[PDB]
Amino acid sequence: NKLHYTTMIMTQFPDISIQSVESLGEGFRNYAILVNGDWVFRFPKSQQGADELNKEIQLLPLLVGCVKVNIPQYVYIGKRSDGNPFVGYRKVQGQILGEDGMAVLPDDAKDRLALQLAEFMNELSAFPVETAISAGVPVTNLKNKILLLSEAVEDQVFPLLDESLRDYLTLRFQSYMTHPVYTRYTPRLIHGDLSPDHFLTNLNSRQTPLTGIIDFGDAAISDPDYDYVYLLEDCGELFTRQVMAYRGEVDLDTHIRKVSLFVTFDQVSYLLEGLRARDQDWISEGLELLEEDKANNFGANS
């Protein structure tokens, strides 16, 4: 409730003179409003959102000096009656790119974006892991996570699928588990939600089309390749290869094959969560995404 949000801001930060309040955006974890056209106030929607925010509160101050683009800097830190936090930060300027917006960038700008994104990812990968861990960033046991997923999928998802889709999923999980090249990695800090719905851009700039990056709630210590997952899903294979090349990846084919598997796993994880929530529209969406994934990977099987 936007009126209730305004009330908490006024009570806890009475010196903010509120002239305007509007809805700005919403995800699965947070509701965001814009105050005075300048300040984003972001309120967790769930205990999980609050736990992710507590991590961001500790991590983001450590990142600012290490990352070139702008990121949220929490200047106001509030508390709700249940004890969980909410935050206010100066709006990260620019227009949200979005999946739909990525397609139409002039190639010069696309290339500039690929370079900036490559540089951002390199700085995350360079951040000391123990420093992140001491700031409460969780360590993802990626191999065990995928093992557990494969089991939950066979049990809970397979009964909804036709035989061709079940065989496809069996093949994909087996591919990741069978080839040691895919499962050996040095753990690194990743953003964890690196998609164009979090890319703030200024299409009227040449050297720096990427203005900033938001939503660090999924930051984790994991396989750094996992940070390509939304680039491949939303921005496409060519773009992803361009970012990889700028980061100095010598084996593009192998790493694209690997990220593609992560994309499959993310899609089935999404469906599984929808299923557990008995959310019918979410399940329908998840099934469509799965069908699309299989079609996108025709021939990858052989």
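In case it trips you up, residue 1 is the first one in the sequence shown, and so on.
Once the C-alpha B-factors are averaged per stretch, 194-202 and 105-113 rank with 105-113 first. The stretch 89-97 shows the higher mean C-alpha B-factor when 212-220 is compared against 89-97 in the entry. Out of 37, 44, 61, 27, it is 37 whose C-alpha atom has the highest B-factor in the PDB entry. Listed residues 170, 186, 140, 164 were ranked by CA B-factor as deposited; 164 comes out on top. Residue 251 sits in the highest third of its chain by CA B factor, as recorded in the PDB entry. Remark: residue 144 belongs to the highest third of its chain, ranked by C-alpha B-factor as recorded. Ranked within its chain, residue 159 lands in the highest third, by CA B factor from the PDB record. The deposited CA B-factor of residue 72 belongs to the lowest third of values across its chain.
Annotation for residue 135: C-alpha temperature factor in the highest third relative to the rest of the modelled chain, per the entry.
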